[PDB]
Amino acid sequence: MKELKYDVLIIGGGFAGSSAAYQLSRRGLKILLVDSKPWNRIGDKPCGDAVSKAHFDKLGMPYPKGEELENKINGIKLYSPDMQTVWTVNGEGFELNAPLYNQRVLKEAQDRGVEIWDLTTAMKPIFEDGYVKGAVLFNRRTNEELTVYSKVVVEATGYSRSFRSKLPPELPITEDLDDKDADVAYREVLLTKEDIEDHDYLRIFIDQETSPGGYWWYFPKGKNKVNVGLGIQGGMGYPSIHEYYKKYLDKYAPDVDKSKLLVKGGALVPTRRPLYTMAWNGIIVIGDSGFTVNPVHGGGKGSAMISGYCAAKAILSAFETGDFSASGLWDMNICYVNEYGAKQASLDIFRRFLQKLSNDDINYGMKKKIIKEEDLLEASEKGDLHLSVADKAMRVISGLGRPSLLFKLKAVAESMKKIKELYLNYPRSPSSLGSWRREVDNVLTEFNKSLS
């Protein structure tokens, strides 16, 4: 078969792969990005389509504009399970036309010299002499099977992790996703019968019964159009997400016009710390394939962008040292853990605690304002549940006279702080990965056991 040589092969062109291509462009390298989808569909995986402005600012990434920006968001309304307490959290963000924005990023990367092949699937890794060395591709437009050799593969295949899962199972970058570390999620976009109230505010409904392990949402995409959906925890034996959706849609979106459904669909969403290493010999893994998603709220487009940025920085470093080993690419880990990964690890612990609370606990916590809106904001953006904030909360929790997991909040905060510091001490080279991973696994197991 035909053989081509590139410096970098990016497999997948969603927020993660497109970010990597954009960030790597015009830096002297010969880059190819492939995606199984036709051009006009790249970017269209089901999603709530909400991304903070702070994520774009973190990276100085261009804002969505024109038809890419369906609706400007000025904050979130968070609802207690009993619907009696609503916390309004202010902050700027965007409700995107995700395919349009994602396609605009790709078009700009292409304009800056990135080669992009759509309708093209990476079928098989080239793994030789202990390194990822490229991929066998199938290009549906040309009905050609081709081999592309690359110094580095950027695996950005989304939740399917379709390329890295075909690698030798002893490699650390083949790390699999436990069922309980992901949610399944489903959404629809519908027009509404009436103008949406406060259409610049997203609505998130906490309820352990109608969306066990996740939450329901109502995300306006304009004055009369909404993205509504839910996520539920995987691996718990829950019935189909579609049973919850049918049963409770009317509670959260009484105003949708069901005769005016525009799109619908679901996908898996990882909800955990990132891959223990996102780099290995000849390969970096980013976005959902590397578990980049916020474990508490399931937001992965902003962090997908961050992982793309870190991949680019690590690759440029590798070319400047001629070193495509895991050691040569290791700054990918150092970058990503400092930008977002350490926060994710802390939030992985926090999510485990939140998933085990009852509706009565959450109604009580929110009613009594056990933490303020300012502190919930600080905790979601940095991963920090300050010990003083946990103390103040525990002073309110001490006035509860029934058994509750809420009483463990201080212990949770301590475990969050511990895991965060462990991640901020991420191993400086691959020879230490094993030792450190065992310390993490130890923190997690101890923590899982502390909740009984």
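Position 1 is the first residue in the sequence shown; the rest follow in order.
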Task: Entry-level comparison of average CA B-factors, 82-90 and 268-276, reporting the higher stretch - done: 82-90
Open item on the list: Comparing average C-alpha B factors as deposited, tell me which of 254-262 and 98-106 sits higher.
Closed with: 254-262
Task: C-alpha B-factor winner, where the candidates are 9, 444, 24, 16 - done: 444
- [ ] Would you mind checking which of 160, 192, 355, 303 has the top Cα temperature factor in the PDB entry?
- [x] 192
- [ ] Place residue 43 in the lowest, middle or highest third of its chain's C-alpha B-factors, as listed in the PDB entry.
- [x] lowest
TODO: Could you say whether, by C-alpha temperature factor, residue 118 belongs to the lowest, middle or highest third of its chain?
DONE: middle
Open item on the list: Sorting by Cα B-factor within the chain, modelled residues only, which third would residue 309 end up in: lowest, middle or highest?
Closed with: lowest
Open item on the list: Based on the deposited C-alpha B factors for this chain, I'd like to know if residue 216 is in the lowest, middle or highest third.
Closed with: lowest
- [ ] Would you mind ranking residue 406 by its C-alpha B-factor against the rest of the chain and naming the third, lowest, middle or highest?
- [x] middle
